[PDB]
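Down below is the structure, laid out as structure tokens.
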Amino acid sequence: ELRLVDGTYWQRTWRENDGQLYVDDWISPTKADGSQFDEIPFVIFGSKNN
Amino acid sequence: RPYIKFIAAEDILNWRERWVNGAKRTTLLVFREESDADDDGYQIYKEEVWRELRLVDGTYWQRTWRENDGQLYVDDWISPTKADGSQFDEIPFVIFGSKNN
Amino acid sequence: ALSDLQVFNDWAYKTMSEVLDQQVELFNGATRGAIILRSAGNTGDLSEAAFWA
Amino acid sequence: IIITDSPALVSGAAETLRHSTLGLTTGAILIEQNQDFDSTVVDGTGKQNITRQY
Amino acid sequence: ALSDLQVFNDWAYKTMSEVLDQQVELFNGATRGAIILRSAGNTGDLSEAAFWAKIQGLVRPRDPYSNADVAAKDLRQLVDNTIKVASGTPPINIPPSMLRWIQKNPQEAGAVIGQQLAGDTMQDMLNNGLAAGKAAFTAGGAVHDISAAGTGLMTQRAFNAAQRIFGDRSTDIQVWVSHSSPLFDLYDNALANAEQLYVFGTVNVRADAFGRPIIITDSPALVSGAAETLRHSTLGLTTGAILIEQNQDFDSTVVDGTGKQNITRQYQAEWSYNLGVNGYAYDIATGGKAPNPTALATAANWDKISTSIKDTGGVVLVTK
Amino acid sequence: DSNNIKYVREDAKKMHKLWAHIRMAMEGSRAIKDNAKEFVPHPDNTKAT
């Protein structure tokens, strides 16, 4: 679950066990130095354009 | 002298594939060897000798089966050796084809 | 007392079968060509050959 | 003299037992194998156990 | 749960087969070793092991002044036992001609029979093991009944009775396996505590208040009767109490029987396993050489081998 | 003892027929016309008898 609040990247993941959705709290991945992220690490590439 | 036989496609009539130490090793291989009986007369017989190439505990052994006068001969197991001895680890028989050996 | 003890005897499977009785390994060559063995194919019930009498 | 206990040569019983010794030249008896050897194994269901026939 | 109705990679592409509705993950570590699922074949229709017995009069009082006459003693050798259970599969009529549904899948028939058969095979193993364990423990005199007292099921007072029965060695009981209804009765009694030893944060305890977690499965072997005569069976197990041991001899054939206007394609499967209960022997003569669940669950087909109940592993509790 | 030195594998037995027919095809017209009974079915079995 990728989200962008105030230009900042947050994510949460779900684990499902035959219909047991275990939700995780929203988390903030950061780069090696820090400063967290400015855009979502996800690109949708198509035949026409990305 | 060593002799390179040529075993016809129909002459190879038995073979066996068994793993030892996790390896493709051929354990049994039997092929027919054809010949013509040598008598003073002029009739041509057609007498066959069957060779049983066997590999036990990584050692190559050999027998020949002969057939005459209503019986089936068996000869002693022999272990052919190299000029340096040490017998053998692989049966000296190769089967080839279009796909692979 | 061996009666109180338990005895299991023993068993094994030799995976061996008796083949047959009479001698049949005289067929070709042993009879000096009297009886021979080929791998020819024939159909119907009969094969002919003509030899000019 | 080549020996085999073939029932064909016996052709007799009790006192009237008539063993037959036949002599052959080269090529006397001709037996060709038509190499048409069928060997199917059919298996069935519906019983308490899987059945197989050779 | 999963729907996967959105994308159809293939027609009914493993999407659902309602594979099973009963919890069957009760083997080895799942049962804390109580029901160990193994794979080691053995021949014949039995498996007999022999071990020495405990000499009953091993230690005797001695009168030094007069030894009198020496009492004659002797040593025996008990026999263990492990019956082999045979389980098959009814002939399954595969539709050879694809039947023209919204999902046209001929070979998916066998493809899904594989997984459904695996699930039902493990279910059958678990159910037969539980029924045989109940039968053996009942034949050994390791049963308690609290049906006549009160509602027929106490929250934790029930488990203390089984502890009393199994005796001084009660520590080695690790797991109770039970139907879901006893657990829900446990919750209901805990949710309204007479002696308030429960708090809202600790009313959902799955354990038995002694460090023995309750493992829940809806096995038909643990229930019998209906309405007023309905009874639930809860049986506690030590390590290695129930031995279900596969022989890995699964056989499967597909036959084109035909014989009718349309082709007939069938499916059949065969397998076997060895069922053993610690401290008990299956009476081969009284039962059968290839017993069925009716014979396995029937008492008097199990004999007590261990001298003491403490040696054998398992106690059964009946609750209504 | 087994004493079946002449035993042939089942798959080799299966391949004997194809091997023989390949030998016949390589052989020439004589072998095929000697055994055209298989390759050429009779136009009428009722007449064939």
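Cβ placement follows ideal geometry from the backbone for every residue including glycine, while neighbour counts extend to all protein chains displayed. Readers should treat all values here as calculations from the given coordinates under stated rules, not as data from a laboratory.
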Could you look through segment E:239-281, keep only residues that are over 15 Å from the mean Cα position of the chain (by Cα) and of a type in the set (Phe, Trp, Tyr), and pick out the one that is farthest from E:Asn28 (Cα to Cα)?
-> E:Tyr267
With respect to E:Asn28, is the statement that it is closer than 19 Å to E:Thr239 by Cβ and either of a type in the set (S, T, N, Q) or touching a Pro at 6+ places or on another chain (Cβ under 7 Å) (or both) true?
-> yes
Looking at this structure, is D:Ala8 loosely packed, with under 10 Cβ neighbours inside 10 Å and either among the hydrophobic types (A, V, I, L, M, F, W, C) or closer than 24 Å to C:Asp21 by Cβ (or both)?
-> yes
Please state which of the following conditions E:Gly287 fails to meet, knowing it meets all the rest: (1) part of a loop (DSSP other than H, G, I, E, B); (2) touching a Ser or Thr at 6+ places or on another chain (Cβ under 8 Å); (3) more than 22 Å from E:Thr43 (Cβ to Cβ).
-> (3)
Determine whether segment B:75-84 contains at least one residue that is aliphatic (A, V, I, L, M) and either more than 14 Å from every other protein chain (Cβ to nearest Cβ) or surrounded by 11 or more Cβ atoms within 10 Å (Cβ to Cβ) (or both).
-> yes
Might you check whether a residue that is in a loop (DSSP other than H, G, I, E, B), more than 12 Å from the chain's Cα centre (by Cα) and not acidic (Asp, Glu) occurs anywhere in segment B:28-37?
-> yes
If you scan segment E:152-181, which residues turn out to be touching a strand residue (DSSP E or B) at 6+ places or on another chain (Cβ under 9 Å), in a loop (DSSP other than H, G, I, E, B) and of a type outside the set (A, V, I, L, M, F, W, C)?
-> E:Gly152, E:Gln174, E:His179
Quick one: which residue in C:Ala53, C:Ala1, C:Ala40 is within 7 Å of another protein chain (Cβ to nearest Cβ) and either exposed (fewer than 10 other Cβ atoms within 10 Å of the Cβ) or of a type in the set (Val, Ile, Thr) (or both)?
-> C:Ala1
For segment E:190-211, the count of residues that are out of contact with any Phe, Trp or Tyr (no Cβ under 9 Å at 6 or more places or on another chain) and closer than 25 Å to E:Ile173 by Cα equals 6
When segment E:57-85 is checked residue by residue, the ones that are without any contact (Cβ under 8 Å) to a residue 24 or more places away in the chain and within 24 Å of E:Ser306 (Cα to Cα) are E:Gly57, E:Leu58, E:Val59, E:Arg60, E:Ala72, E:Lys73, E:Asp74, E:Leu75
Top-ranked residue of segment E:262-309 - restricted to ones that are within 30 Å of E:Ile55 (Cβ to Cβ) and aliphatic (A, V, I, L, M), ranked as surrounded by the most Cβ atoms within 10 Å (Cβ to Cβ) = E:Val277
Take the residues of segment A:15-27 that are closer than 30 Å to E:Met16 by Cβ and surrounded by 10 or more Cβ atoms within 10 Å (Cβ to Cβ): which is farthest from the chain's Cα centre (by Cα)?
-> A:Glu16
Cross-chain or 6+ apart pairs with Cβ under 6 Å, segment E:246-260 first and touching a residue at least 40 places away in the same chain (Cβ under 8 Å), then surrounded by 11 or more Cβ atoms within 10 Å (Cβ to Cβ) and part of a loop (DSSP other than H, G, I, E, B) | E:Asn247/E:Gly41
Inspect all residues belonging to segment B:21-31 and state whether any of them is within 14 Å of chain C (Cβ to nearest Cβ), touching a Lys or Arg at 6+ places or on another chain (Cβ under 8 Å) and closer than 24 Å to C:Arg38 by Cβ.
-> no
Members of segment B:43-94 that are within 20 Å of B:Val20 (Cα to Cα) and in a loop (DSSP other than H, G, I, E, B) | B:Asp57, B:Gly58, B:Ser79, B:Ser86, B:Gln87, B:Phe88, B:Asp89, B:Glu90, B:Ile91, B:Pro92, B:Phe93, B:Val94
So which strands (runs of 3 or more DSSP E) are wholly in segment E:1-93 and hold at least 1 residues that are within 23 Å of E:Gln246 (Cβ to Cβ) and of a type in the set (A, V, I, L, M, F, W, C)?
-> E:35-39, E:83-88
Heads up, the helices (runs of 4 or more DSSP H) in chain F (entirely inside) with at least 3 residues that are under 27 Å from B:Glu67 (Cα atoms) are F:10-27
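Conditions tested, residue by residue: (1) in contact with a strand residue (DSSP E or B) (Cβ under 9 Å, 6 or more places away or on another chain); (2) within 30 Å of C:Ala12 (Cα to Cα).
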position: E:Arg32; (1), (2): yes, no
position: E:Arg38; (1), (2): yes, yes
position: E:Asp45; (1), (2): yes, yes
position: E:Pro61; (1), (2): no, no
position: E:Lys73; (1), (2): no, no
position: E:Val85; (1), (2): yes, yes
position: E:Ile102; (1), (2): no, no
position: E:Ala109; (1), (2): yes, no
Inside segment E:1-28, can you point out the residues that are over 19 Å from A:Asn17 (Cα atoms) and out of contact with any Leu (no Cβ under 6 Å at 6 or more places or on another chain)?
-> E:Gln6, E:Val7, E:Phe8, E:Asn9, E:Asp10, E:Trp11, E:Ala12, E:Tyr13
Give segment E:290-305 a look and list any residue that's outside any strand (DSSP E or B), over 17 Å from E:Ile244 (Cβ atoms) and in contact (Cβ under 8 Å) with a residue 60 or more places away in the chain, or say none.
-> E:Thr298, E:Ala299, E:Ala300, E:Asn301, E:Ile305
Filter segment B:42-74 down to the residues that are buried (at least 16 other Cβ atoms within 10 Å of the Cβ), free of Cβ contacts under 8 Å to residues at least 12 places away in the same chain and not aromatic (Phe, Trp, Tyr), then identify the one that is nearest to F:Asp1 (Cα to Cα).
-> B:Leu72
